[PDB]
């Protein structure tokens, strides 16, 4: 670590942020790790504890939340989800880069020297022929960019995953971090 320790991706839902993250992990599995989240969702018979999620009770989750153990947590379809501080710390302990796909309001919390984040905004491509779906995504994206611009180290348009990755890793690798 002579540079940034954590890659933070911000964007409206539907921009392809998840594809970017998965492509990075798939391409450099020894460098990047995505912290496995916690959920109160009852697992299905088929799922493996600690693969896509750590499955806990609402009682444990509640204790964790009030113990300030979550960098981020929230409710989806009536179940609780969150990412623990400690899961990101364990990645940095192994000298790997944490990839965090967080919500914009969590930006106030991650911008620290300890986490040394490189914060990348991912925008949709401005395509000429527009669906109403692209138009809404562009509006959602501009709403987030407008409020949180001062947080971003880099704004990129998603012009395809392999092309976005190349630009993204180069900008990441070039980034400086200093202590204090």
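Residue numbers count along the first chain shown, from 1.
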item	value
Selected stretch [higher average CA B-factor]: 9-17 or 157-165	157-165
Residue range whose averaged C-alpha B-factor is higher in the record, 116-124 or 53-61	53-61
Third assignment of residue 39 from its chain's C-alpha B-factors	lowest
Chain-relative CA temperature factor third for residue 92	middle
